[PDB]
Protein chains: 2
Amino acid sequence: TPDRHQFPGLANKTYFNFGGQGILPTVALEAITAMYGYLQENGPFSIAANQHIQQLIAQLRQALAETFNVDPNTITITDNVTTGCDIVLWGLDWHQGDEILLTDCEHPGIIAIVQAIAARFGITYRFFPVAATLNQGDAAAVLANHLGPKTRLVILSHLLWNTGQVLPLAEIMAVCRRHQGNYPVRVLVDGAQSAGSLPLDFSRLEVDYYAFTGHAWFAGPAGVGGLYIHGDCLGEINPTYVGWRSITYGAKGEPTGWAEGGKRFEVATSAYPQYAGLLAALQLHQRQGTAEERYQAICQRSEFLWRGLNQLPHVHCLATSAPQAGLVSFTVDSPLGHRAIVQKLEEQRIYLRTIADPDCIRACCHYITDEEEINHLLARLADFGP
Amino acid sequence: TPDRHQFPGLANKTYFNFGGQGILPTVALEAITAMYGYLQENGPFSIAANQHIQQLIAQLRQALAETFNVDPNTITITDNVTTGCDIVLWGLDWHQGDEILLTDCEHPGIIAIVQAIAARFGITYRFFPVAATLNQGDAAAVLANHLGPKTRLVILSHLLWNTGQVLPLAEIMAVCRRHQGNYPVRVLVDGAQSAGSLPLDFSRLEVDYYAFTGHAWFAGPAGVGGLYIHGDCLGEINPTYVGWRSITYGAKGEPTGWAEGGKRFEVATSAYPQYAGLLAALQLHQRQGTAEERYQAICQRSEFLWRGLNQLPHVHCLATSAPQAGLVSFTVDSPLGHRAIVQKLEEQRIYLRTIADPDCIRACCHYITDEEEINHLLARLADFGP
Ligand SMILES: Cc1ncc(COP(=O)(O)O)c(CN[C@@H](CS)C(=O)O)c1O
Ligand SMILES: Cc1ncc(COP(=O)(O)O)c(CN[C@@H](CS)C(=O)O)c1O
Ligand SMILES: [K+]
Ligand SMILES: [K+]
């Protein structure tokens, strides 16, 4: 039984955009405001304040580590999902002619990094079709049919932001591992949608690099994210953007080496109070139940919505079977067009989003979502037709 | 006449750490809290919320542009000073053998980036002594005696964080411009201390690249900063860390190019409410008077402190003439040591900081600082002796 009162934003609106940004819980707002008060009272720049901040950073790094069942050393703190991807990509020792493989469902921001890399190191990239594997086929097999001699890295979203498909990461990892080419194939995972909705254990699940953010499904504030790097891959990633938070210091205050673990990829001054906000949101989710129970709760709500949409004659879900996670994508048979339909809905305080490719509308159902909100969505969607 | 009441943190303490982080003005805390409320009420992810954020970003970009008297197109928004430096350094098309010159008073974080670059592109770097030019000599001349055939970039702090000297930037720029080698010599300026205290007009002052932050002298919240790049140098800087905020989009939502001006160096989701905070702080400073009046106010206070320290027999200021800005560094003749002396002072709610090189203590005087706080500092410093 979810405590909806902890998320005051739920009232007087019908929110289905958790995948864009989660509704901020009261405890998170409180922790943010309290941090500003602490800095004002004790600093903001001083021995006591600087200590309190270092302690806060360590507490967030630890909560994130526990979240994925890994050691604090494998966790880097960033501001969003993308930065984590920039860290891995710019850190690899790319050689002219190396190749990168991406699914055809990756975020335009990520593709932009790859383009920048290709132009800088003369590497090449190409996509492999996974979108079409929502209701049939096998993305792992598709990848196998694309792996080549110079394939060095594969980039994929564990949960696709556009179609709602949960890719078979374990199988894809194996495929990459057994492959034999000029490089051991490594996989960078974009977890923008998976983290905070899917139960994730990186000690029971082999992963090389996993990027995520705290402002979507974890419901933290905009501006705080993180990155996971398996201990065996750390060496392969050279720090790129660095600062006073990336190194260790000498007797005269000079740089003497890299800071321990993932700290070497952290740059400098950040919005610390936001860190306290994410910490509070993380702890609030553990008090609501285990990751597994929250995931099933999410799936019960997504299936309820999915089922409701199947009944609507002019609505067509992309998934022919029950959603594997909280994302439900669909099209609407109407002359208006999806963009105008999302605006009409927002006019009635119903919040969903449009998806560019494929051209559809997407609803996100979280464990705090209830049947009344879903029925209200269904009621309004019912007014559109050909 | 400064309105000290706008900075509630001033009361019940004696703050001299503006150069580390400024005291947050009430109006900034209000704007931060209001932004969280707007996102909760209208989103946080939605058409209305996304529009409000884009408008907020444009307003801050413009206020910063106006601050330095330049075009909005030359301003990039970052999270701190260091990131601006990473953008310029990683963006240049380095060639094996190129050389970088840095003064012997640059931040250890900046030096760390240069070492990372040297190791990646095989470039070399060396320092030129400016610390000793606080009371005599000429840093521009020192630079002239260090310029070489392969010198491509020079890195310097406009206002030195350790000694408090204001380098002759105009002269240094001329020296670099008239030099003839294999490259036109460009200069990256670290303005962590200069921005917000020194009056800066980049349309009257020739500058290639100028990095800064909003949480020190501008008194904004930790986590928001920016970078200036002259329109003629924009083409030389290749975007490195990029994301969905760095590009323009196509018909199917795919990347089609770089976003206009400085936006190409912005990555992805950020702490937007903090942006509103910096905007509010920036506007509060203009209501207090012009940049010139605030600078003179700052200098009157620094000289007052400097003069008071000259009277103390066991205190020795590094500057033999009146400080050129708000930073006042000095040593103390005592067996205790500077670190122990900064801690005792903090125990009395008097806030200063230690400096590693040279080994001294630094006080920062802002236009909101008053004679009573300075006398209280002098009173307490008087108890230390050999
Ligand atoms: C799959 C995916 N990858 C990256 C992002 C970008 O996240 P940051 O801003 O770097 O944290 C996203 C974002 N998704 C939401 C906004 S476009 C959404 O509405 O799905 C991904 O989905
Ligand atoms: C000259 C200089 N350059 C960079 C910084 C780092 O700033 P960010 O954390 O990137 O904003 C600094 C910082 N100075 C303060 C210590 S962190 C200080 O008190 O001097 C510079 O001074
Ligand atoms: K249907
Ligand atoms: K003296």
Side-chain angles (χ1 to χ4, degrees), chain A residues 18-25 27-36 39 52-68 72 75-87 109 190-197 210-228 241 243 245 262-263 265-285, chain B residues 32 35-36 39-40 43-45 53 77-80 83 215 221-225 241 243-245 266-277:
Chain A
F18 303 96
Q21 187 165 327
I23 291 168
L24 190 79
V27 294
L29 192 61
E30 282 170 343
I32 289 169
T33 302
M35 187 56 53
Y36 276 119
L39 298 177
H52 192 78
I53 284 166
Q54 285 213 68
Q55 296 178 321
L56 168 65
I57 293 167
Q59 289 178 187
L60 175 58
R61 192 181 314 281
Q62 177 66 210
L64 286 168
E66 299 174 347
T67 296
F68 307 104
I75 302 293
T76 290
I77 287 172
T78 64
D79 300 316
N80 49 50
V81 180
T82 303
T83 297
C85 293
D86 273 292
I87 287 170
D190 176 335
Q193 304 301 325
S194 50
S197 69
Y210 209 101
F212 56 94
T213 185
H215 79 285
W217 301 86
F218 282 127
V224 191
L227 165 64
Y228 161 89
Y241 275 28
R245 288 173 62 187
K263 298 189 185 186
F265 304 115
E266 303 186 340
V267 184
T269 304
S270 289
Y272 309 127
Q274 271 60 40
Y275 284 14
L278 174 59
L279 215 204
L282 285 177
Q283 301 170 317
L284 172 69
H285 288 122
Chain B
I32 286 166
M35 184 64 39
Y36 277 120
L39 295 178
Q40 174 183 300
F45 190 95
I53 284 160
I77 289 170
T78 64
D79 299 316
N80 49 50
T83 298
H215 77 283
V224 191
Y241 277 29
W244 60 269
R245 285 175 63 184
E266 304 183 337
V267 182
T269 297
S270 290
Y272 309 130
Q274 275 60 41
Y275 282 13

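Below, chains carry the letters A, B, ... as their sequence lines are ordered, and counting in each starts from 1.
Residues passing the side-chain contact (heavy atoms from CB on, under 4.5 Å) test with A/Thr82 are A/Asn80, A/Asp86, A/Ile110, A/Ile113, B/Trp244, B/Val267, B/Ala268, sequence neighbours excluded. Judged as a ring-ring contact (aromatic ring centres under 6.0 Å, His included), and not counting sequence neighbours, the contacts of A/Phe68 are A/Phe202, A/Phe212. For A/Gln54, the side-chain contact (heavy atoms from CB on, under 4.5 Å) criterion is met by no residue, not counting sequence neighbours.
With a 4.5 Å cut-off on side-chain heavy atoms, A/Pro273 and A/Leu39 count as touching. B/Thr269 has its side chain out of reach of A/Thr213: every pair of non-hydrogen atoms, C-beta onward, lies at least 4.5 Å apart. With a 4.5 Å cut-off on side-chain heavy atoms, A/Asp190 and A/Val81 count as touching. A/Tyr275 has its side chain out of reach of A/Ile53: every pair of non-hydrogen atoms, C-beta onward, lies at least 4.5 Å apart. The shortest distance between side-chain heavy atoms of A/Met35 and A/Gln274 does not fall below 4.5 Å. Counting only heavy atoms from C-beta outward, the side chains of A/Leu29 and B/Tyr36 approach each other to under 4.5 Å.
Atom-to-atom distance recorded for A/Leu279:CG and A/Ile32:CD1 is 11.5 Å, nearest 0.5 angstrom. Within the model, atoms CG of A/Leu227 and CD1 of A/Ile77 stand 11.5 Å from one another, a figure rounded to the nearest 0.5 Å. A/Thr83 OG1 to A/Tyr241 OH: the interatomic distance, rounded to the nearest 0.5 Å, is 9.5 Å. Rounding to the nearest 0.5 angstrom, the gap separating the CD1 atom in A/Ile75 from the NZ atom in A/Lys263 is 13.0 Å. Expressed to the nearest 0.5 Å, how far OG1 of A/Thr67 lies from CD of A/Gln62 amounts to 9.5 Å.
The minimum heavy-atom distance between A/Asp79 and A/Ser270, with the atom names listed, is OD1-OG, 4.4 Å. Between A/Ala222 and A/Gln21, the closest heavy-atom pair is CB-OE1, 3.8 Å. The two residues A/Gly22 and B/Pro44 come nearest to each other via the heavy atoms O-CG, 3.3 Å. The shortest heavy-atom contact between A/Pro221 and A/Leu278 is CD-N, 3.7 Å. The nearest pair of heavy atoms linking A/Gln193 to A/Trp217 is OE1-NE1, 3.0 Å. Nearest heavy-atom pair, A/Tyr272 versus A/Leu56, reported as atom, atom and distance to 0.1 Å: O-CD2, 3.4 Å.
Salt-bridge formation is detected for the pair A/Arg61/A/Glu266: a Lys NZ or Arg NE/NH1/NH2 atom is positioned less than 4.0 Å from an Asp or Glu carboxylate oxygen.
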Task: Stepwise side chain to side chain donor-acceptor pair (under 3.5 Å) check, A/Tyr210 with A/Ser194 - done: CA-CA 10 Å; A/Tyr210 209 101; A/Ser194 50; 2.6 Å; yes

